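Following: one structure in structure tokens, then a few remarks.
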Amino acid sequence: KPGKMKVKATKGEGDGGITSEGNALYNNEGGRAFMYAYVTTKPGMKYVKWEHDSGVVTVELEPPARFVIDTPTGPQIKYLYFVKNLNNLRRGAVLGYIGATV
Amino acid sequence: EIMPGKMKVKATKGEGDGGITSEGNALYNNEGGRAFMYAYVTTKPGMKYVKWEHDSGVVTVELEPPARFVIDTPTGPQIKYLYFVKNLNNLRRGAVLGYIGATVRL
């Protein structure tokens, strides 16, 4: 199941009211959307407000890792923010999904 | 760092104890220095080993008991068997699952 990774466009927030657009990478482990990571162009993000029907959770982000994607004009850097306390299995699923897609 | 999640596929052959044989894909990383097989995917249960070429050579790579998963095909769903190599760490197992999820129609 960790393999069935899905992407949802979502806003990120950081100190001082700064914001980003980006994608949450997430998995429906048994009928509840579990965010694993957030990817964006922008540094300094701290959290994402993540929607469940039961209500919104603010998901805290680790310090980001920088990574490379391919573009029409060459490599560009994006930031990958794992959710706090994500385990190694789920981190690996994020990296594998990214490696296969970007 | 996406390096440990980076993955390539190579067509290869598996074996189980009692003469069992299979064809399938090895998922491996050759991140920088050597080829490191992470997993083997095939259509058959009961595989125990994969015959991994390296050098020129053939290496026998031991497998964990498989997880079954299902893919869409032109003729409908097909059961596949995912065998991690023995003692693959959780980060790398996760990388295998993420890569399969990204590339296969599950």
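For the reader, a short list of remarks on this structure follows.
- Residue match in region A:56-65 (condition: more than 14 Å from chain B (Cβ to nearest Cβ) and in contact with a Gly (Cβ under 8 Å, 6 or more places away or on another chain)): yes
- Selection count where residues are surrounded by 12 or more Cβ atoms within 10 Å (Cβ to Cβ) and not in a loop (DSSP other than H, G, I, E, B), scope region A:55-68: 7
- Residue in region A:40-59 that is in contact with a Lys or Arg (Cβ under 7 Å, 6 or more places away or on another chain) and closer than 30 Å to B:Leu88 by Cβ present: no
- Restricting attention to region B:1-14 and to residues that are of a type outside the set (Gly, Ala, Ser) and within 14 Å of chain A (Cβ to nearest Cβ), the residue that is surrounded by the most Cβ atoms within 10 Å (Cβ to Cβ) turns out to be B:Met7.
- The single condition from (1) more than 21 Å from A:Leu89 (Cβ to Cβ); (2) assigned to a strand (DSSP E or B) that B:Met37 fails is (1).
- For A:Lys42, the requirement of being more than 14 Å from chain B (Cβ to nearest Cβ), part of a strand (DSSP E or B) and surrounded by fewer than 21 Cβ atoms within 10 Å (Cβ to Cβ) is not met.
- Total residues in region A:15-33 satisfying the condition of being surrounded by fewer than 20 Cβ atoms within 10 Å (Cβ to Cβ) and assigned to a strand (DSSP E or B): the figure is 5.
- Any hit, region B:69-92, residues being outside any loop (DSSP other than H, G, I, E, B), facing chain A (nearest Cβ under 10 Å) and farther than 24 Å from B:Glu15 by Cβ: yes
Bear in mind that the values in this text are calculations on the coordinates, not laboratory data. A quick note on method: Cβ atoms are made from the backbone with ideal geometry, for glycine too, and the neighbour counts reach across all protein chains shown.
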